[PDB]
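Engineer: Chains as they are written, first to last, in the numbering used here: chain X, 63 to 387; chain W, 63 to 387; chain A, 181 to 391.
Cβ atoms here follow ideal geometry from the backbone N, Cα and C, with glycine treated the same way.
My questions all concern the structure below.
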Amino acid sequence: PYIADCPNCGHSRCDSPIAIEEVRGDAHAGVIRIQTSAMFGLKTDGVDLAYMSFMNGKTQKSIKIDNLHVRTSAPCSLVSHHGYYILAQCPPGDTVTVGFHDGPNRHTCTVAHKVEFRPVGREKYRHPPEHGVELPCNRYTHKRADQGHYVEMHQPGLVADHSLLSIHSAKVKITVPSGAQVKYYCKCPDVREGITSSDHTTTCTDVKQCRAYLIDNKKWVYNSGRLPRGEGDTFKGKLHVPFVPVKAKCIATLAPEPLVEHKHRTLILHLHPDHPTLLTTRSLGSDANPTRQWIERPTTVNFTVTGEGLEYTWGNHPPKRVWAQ
Amino acid sequence: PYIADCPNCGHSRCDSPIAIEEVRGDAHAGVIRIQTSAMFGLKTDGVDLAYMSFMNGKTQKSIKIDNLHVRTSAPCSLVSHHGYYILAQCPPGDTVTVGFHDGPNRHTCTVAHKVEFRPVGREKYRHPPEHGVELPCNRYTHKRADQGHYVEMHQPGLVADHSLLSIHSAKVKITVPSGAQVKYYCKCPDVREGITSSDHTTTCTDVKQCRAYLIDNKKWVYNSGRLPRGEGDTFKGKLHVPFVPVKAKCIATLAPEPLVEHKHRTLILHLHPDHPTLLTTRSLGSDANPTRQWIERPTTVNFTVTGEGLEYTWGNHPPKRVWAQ
Amino acid sequence: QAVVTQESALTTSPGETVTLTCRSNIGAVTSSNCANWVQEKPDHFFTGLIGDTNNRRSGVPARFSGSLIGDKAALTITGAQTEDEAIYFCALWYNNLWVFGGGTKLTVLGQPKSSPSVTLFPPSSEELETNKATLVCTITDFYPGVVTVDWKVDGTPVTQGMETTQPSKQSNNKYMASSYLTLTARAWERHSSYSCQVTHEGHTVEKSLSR
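The structure is reproduced here in structure tokens:
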């Protein structure tokens, strides 16, 4: 579970494990795929997707997911998590605002991202309905058994941990997690690399002038922009994405039927939608003479139909056609 | 912790201790400074800002803050409390809606107030981002060590408490909190002032025709409009405000860079913002010929640049300048 | 230029859990202070317990553990024992030097009381050949470690001439002390009954010699 710098972490820029990168309000189904720097899913070892492992300290905390909250302008709905990554059904929102509850603390993370949800169709809803026609939307999956893409996930760079740099009663005293690789020296001249167990520091004294580092590359990370490079190498760790964008047919929009009214080679149409509906036509002469107008306000319109025919498209309701001799 | 008349207290007009006055959505940083009539902060006596003292009964209840909720169109984020007063980071909202949870009851308070958050800059966002330039916004502090202003806070007037007016088995029976000053008489003729311990009432009988009052001016109050005057005097109690508006440089806005395109003494500019951006220019001749237009929809624009120069202001992005010979 | 502070004295009973703390005057104690805990048993006997906050020296019982609690270093004795009665000192590192705390005297219930073993010796003769006589009263193996020693020459409380050491802790953790009554060869030969009276946890023990 990677940890990075959340931008407006409740107060201001903290370093949250759930630091939000790559917000994708690019689908249609009320859904956003998000990456936390935290890797929830199974535990550290082997069990139960519905548990929760973020970083506390240098360490993980692979425990229950109890009170996740993604949210935006309104509280979102989770869809599924896998890896670093969560899918959640959100409404539109100027921002994105994520957070669980460990239990002692709220411990959330928030971010800017322009979000919208147009459904696919000539109706510009704000939200998916219960009914209407199905038609080919873009949307992310529920599932994990997924390989359609993979993002590079090589090592972490080092990280700071000044909990290490204690004092040896006059000298600044570094320690190690588990024998991990601590990269160490101070502004003064003393040990210059640091690949060690718990060292002391002969020369410097102040904690604030030393290299508290953790080369702990036993587990790779996501290659966040808010990661410091592991300077050594491009290690392996090509790793999939679960939530591929797929060609789901969203349960989708439908605009109320029109009121057809006859006139001489002319369609008066008293019209009354639910939401802004893009109407348009095609006078089937080799003179096309089409028309487009989003209609949200109910409006009686007109169409000079010709002899050979016109067609009529009340939103994603199917196209009509008309003989006006 | 003063108690006043909340206007739409869940159902309707209750008397909440957290009755909201002086909503101030006048800063820029997503923040509102609010006054509850309740004085959270330390306890009754001496400890821990993060505890919670409102009025229940005639009495305080100086306990934990556990589940505060300020909110608006969306749930806000607390910033800090001091005294009667709370600072909280909110989004825009037609109203303001406040409330904690004592534990047995929701016990909230809500109010009307027009709220917005323009960030300072020629970008009209709806929300502060993670990045962009810093520039001089107006904003309230986190802190308490604050004297920049002080509001008058003299005594409370009396308050009603008909829990006092019990019955002495045939007569209506007043009592006292702790020897406090109970101001008493009934519609009938009996004791006419009331500065007493627990009195009886010789004359009247009905609880509903008597003066259940509490002159309990051992602790002053905020001078809410929803306070009855303490008729005696303007007692002392000049008391500061914590949350002064200060000249913080908000982490602030920035609009995506323009696409500069050359023509003969003319800038075509295909342009594509994130949010409504006030663009403007100054043809540097003594003929100014400036232009202003908020741009939210991406637009290819034009500018007849002269010989001597023009300048160009893509939002709070710095002003550009151009030689068009 | 930093002051480590520790509880002054703590009293517990065998079997209890007791916590000693170590506070730094400059700020919270952190792992870079490498808190050390040292124990001083009687006889200027020092041993190290914990180092680098929580590393237990080898051969130090497991009932001892160190940690940081709040902003201070702490030593917990889980199942304190009678043997743990001693002075515990904490040490903190400050980038270039060590600062020791004042130490905490810990008292643990145990060691059933023990009466003193008193012996009074007469002036030896080689010493009476110096024109001097010194009666030595030795008192060992007593606990609690507090006694009253009173001398009585010929029935009369001597009040000048005596010197009594301060109780010193023996190895078994009991105490000892000796008292001296110096006379002259002559004062010696004059009076006839000497007696060293030792009062300990209410009982009295009188050891008399007869010249």
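Go ahead and pull the three-state DSSP assignment for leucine 308(A).
Structural biologist: Taking the first residue of the third sequence as position 1, residue 308(A) is located at position 128. The answer is helix: DSSP assigns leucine 308(A) an H, G or I state.
Engineer: Chain A partners of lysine 233(X), CB-CB under 7 Å?
Structural biologist: Within the first sequence, residue 233(X) is the residue found at index 171, counting from 1. By Cβ distance, chain A contributes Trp273, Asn275, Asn276.
Engineer: Rounded to whole angstroms, what's the CA-CA distance from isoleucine 94(W) to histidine 163(X)? Just pull it up for me.
Structural biologist: Taking the second sequence and counting its residues from 1, one reaches residue 94(W) at position 32. Taking the first sequence and counting its residues from 1, one reaches residue 163(X) at position 101. Spanning the two alpha carbons is a distance of roughly 25 Å.
Engineer: Suppose you measure from the CA of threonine 342(W) to the CA of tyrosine 113(X); what does that come to, to the nearest Å?
Structural biologist: Along the second sequence, one-based indexing puts residue 342(W) at 280. Along the first sequence, one-based indexing puts residue 113(X) at 51. Rounded to whole angstroms, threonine 342(W) to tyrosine 113(X) spans 53 Å at the Cα level.
Engineer: Chain A partners of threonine 237(X), CB-CB under 7 Å?
Structural biologist: In the first sequence, the residue the question calls residue 237(X) occupies position 175. Ordered by position in chain A, the residues that pass the 7 Å Cβ test against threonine 237(X) are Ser211, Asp232.
Engineer: Which class does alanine 365(A) belong to by DSSP, given the choice of helix, strand or coil?
Structural biologist: On the third sequence, position 185 is the one that residue 365(A) refers to. It is helical.
Engineer: What does the Cβ neighbour count give for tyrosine 187(X), buried or exposed, with the cut at 16 atoms within 10 Å?
Structural biologist: Taking the first residue of the first sequence as position 1, residue 187(X) is located at position 125. Classification of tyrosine 187(X): buried, given that the 10 Å Cβ count is 16 or more.
Engineer: Check whether the Cβ atoms of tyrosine 147(W) and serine 286(W) lie closer than 8 Å to each other.
Structural biologist: Translated into the one-based positions of the second sequence, residue 147(W) becomes position 85. Translated into the one-based positions of the second sequence, residue 286(W) becomes position 224. Their beta carbons are not under 8 Å apart, which means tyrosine 147(W) does not touch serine 286(W) by this criterion.
Engineer: Under three-state DSSP, which class holds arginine 370(A)?
Structural biologist: On the third sequence, residue 370(A) is found 190 positions in, with the first residue counted as 1. In this structure, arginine 370(A) counts as helix in the three-state DSSP scheme.
Engineer: Can you check DSSP and say which residues form a bridge with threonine 339(A)?
Structural biologist: Here residue 339(A) corresponds to residue number 159 of the third sequence, with the count starting at 1. Answer is none; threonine 339(A) lacks a bridge partner.
Engineer: Residues of chain X with CB closer than 7 Å to the CB of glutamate 192(W), please, in chain order.
Structural biologist: Mapped onto the second sequence, residue 192(W) falls at position 130. Result: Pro69, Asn70, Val173, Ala174.
Engineer: Less than 8 Å between the beta carbons of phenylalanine 365(X) and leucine 321(X), yes or no?
Structural biologist: On the first sequence, residue 365(X) is found 303 positions in, with the first residue counted as 1. On the first sequence, residue 321(X) is found 259 positions in, with the first residue counted as 1. No.
Engineer: Is the beta carbon of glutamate 358(W) closer than 8 Å to that of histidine 337(W)?
Structural biologist: Within the second sequence, the letter at position 275 stands for residue 337(W). Within the second sequence, the letter at position 296 stands for residue 358(W). Closer than 8 Å, so yes.
Engineer: Which same chain residues, not among the five before or five after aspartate 252(W), have their C-beta less than 8 Å away from its C-beta?
Structural biologist: Position 190 of the second sequence, counting from 1, holds the residue named residue 252(W). Cβ neighbours of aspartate 252(W) beyond the five flanking positions: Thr263, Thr264, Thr265, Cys266.
Engineer: My output table needs one value for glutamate 196(W): the three-state DSSP class, helix, strand or coil.
Structural biologist: To locate residue 196(W), count along the second sequence from 1; it is residue 134. Three-state DSSP puts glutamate 196(W) in a strand.
Engineer: Can you say whether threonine 121(W) is buried or exposed, counting buried as having 16 or more other CB atoms within 10 angstroms of its CB?
Structural biologist: Start at 1 with the first residue of the second sequence, and residue 121(W) comes out as number 59. Its Cβ having fewer than 16 others within 10 Å, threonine 121(W) is exposed.
Engineer: Please report how far the alpha carbon of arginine 354(W) lies from the alpha carbon of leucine 340(W), in whole angstroms.
Structural biologist: Residue numbering aside, residue 354(W) sits at position 292 when the second sequence is read from its first letter. Residue numbering aside, residue 340(W) sits at position 278 when the second sequence is read from its first letter. About 7 Å.
Engineer: Excluding sequence positions up to five away, which residues of its chain have a Cβ less than 6 Å from the Cβ of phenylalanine 179(W)?
Structural biologist: Position 117 of the second sequence, counted from the first residue, corresponds to residue 179(W). The residues are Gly92, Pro154.
Engineer: Kindly indicate which three-state DSSP category residue 395(X) falls into: helix, strand or coil?
Structural biologist: Absent from the structure is residue 395(X), since the part of chain X shown begins at 63 and ends at 387.
Engineer: Which runs of the alpha helix (DSSP H), 4 residues or longer, sit entirely within the segment 317-356 of chain X?
Structural biologist: List check, alpha helix (DSSP H) in window: nothing returned.
Engineer: Against chain W, does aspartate 156(X) count as a neighbour if the rule is that its beta carbon must be under 8 Å from one of theirs?
Structural biologist: Taking the first residue of the first sequence as position 1, residue 156(X) is located at position 94. It does; some Cβ of chain W falls within 8 Å.
Engineer: Counting along the chain, where does the beta strand (DSSP E) carrying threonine 98(X) start and finish?
Structural biologist: Here residue 98(X) refers to the residue found at position 36 of the first sequence. Here the beta strand (DSSP E) through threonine 98(X) covers 93-98.
Engineer: Pick from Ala89(X), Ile277(X), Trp356(X), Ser139(X): whose alpha carbon is nearest that of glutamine 217(X)?
Structural biologist: Sequence index remark: in the first sequence, residue 217(X) carries index 155 (1-based). Of the listed residues, the one whose Cα sits closest to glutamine 217(X) is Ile277(X).
Engineer: Please state whether DSSP places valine 269(X) in a helix, a strand or coil.
Structural biologist: The residue labelled residue 269(X) in the question sits at position 207 within the first sequence. DSSP places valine 269(X) in helix when its eight states are reduced to three.
Engineer: Label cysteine 272(X) either buried or exposed according to how many other C-beta atoms from any shown protein chain fall within 10 Å of its C-beta, with 16 as the threshold for buried.
Structural biologist: Here residue 272(X) is taken as the residue at index 210 of the first sequence, counted from 1. Its Cβ being crowded by 16 or more others within 10 Å, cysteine 272(X) is buried.
Engineer: Assuming contact is defined by CB atoms lying nearer than 8 Å, are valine 384(W) and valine 363(W) in contact in what I supplied?
Structural biologist: Counted from its first residue, the second sequence places residue 384(W) at position 322. Counted from its first residue, the second sequence places residue 363(W) at position 301. Contact: no.
Engineer: Kindly identify the DSSP beta-bridge partner or partners of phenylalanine 116(X).
Structural biologist: As a position in the first sequence, residue 116(X) is number 54, starting the count at 1. Bridge partners of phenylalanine 116(X): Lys123(X).
Engineer: Looking at the structure shown, is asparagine 364(W) part of a helix, part of a strand, or coil, going by DSSP?
Structural biologist: Numbered from its first residue, the second sequence carries residue 364(W) at position 302. Three-state result, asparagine 364(W): strand.
Engineer: With H, G and I counted as helix, E and B as strand and the rest as coil, what does DSSP make of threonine 262(A)?
Structural biologist: Numbered from its first residue, the third sequence carries residue 262(A) at position 82. Here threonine 262(A) sits in helix by DSSP.
Engineer: Assess contact between the segment 303-313 of chain A and the segment 329-347 of chain A, defined as three or more Cβ pairs (one per stretch) separated by less than 8 Å. Is contact present?
Structural biologist: No, the segment 303-313 of chain A is not in contact with the segment 329-347 of chain A.
Engineer: As a quick exercise: from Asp251(A), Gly281(A), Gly382(A), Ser390(A), pick the residue whose alpha carbon is nearest that of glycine 207(A).
Structural biologist: By one-based count along the third sequence, residue 207(A) stands at place 27. With distances taken between Cα atoms, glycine 207(A) lies closest to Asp251(A).
Engineer: Using 8 Å as the threshold, is the C-beta distance between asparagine 279(X) and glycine 299(X) below it?
Structural biologist: Against the first sequence, residue 279(X) aligns to sequence position 217. Against the first sequence, residue 299(X) aligns to sequence position 237. Cβ atoms of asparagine 279(X) and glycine 299(X): not closer than 8 Å.
Engineer: With a threshold of 8 Å, are at least 3 pairs of Cβ atoms found where one atom belongs to the segment 216-230 of chain A and the other to the segment 262-275 of chain A?
Structural biologist: Flag = yes, the segment 216-230 of chain A and the segment 262-275 of chain A touch.
Engineer: Does the Cβ of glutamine 377(A) lie closer than 7 Å to at least one heavy atom of the ligand MN?
Structural biologist: With respect to small molecules bound, the structure shown includes none, and the ligand MN cannot be examined in it.
Engineer: Check each residue of the segment 266-284 of chain X: if its Cβ is closer than 8 Å to any Cβ of chain A, include it; give the result in chain order.
Structural biologist: Within the segment 266-284 of chain X, the qualifying residues are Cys266, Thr267, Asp268, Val269.
Engineer: What does DSSP give as the partner residue(s) for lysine 387(A) in the beta ladder?
Structural biologist: The residue given as residue 387(A) occupies position 207 in the third sequence. According to DSSP, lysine 387(A) bridges with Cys376(A).
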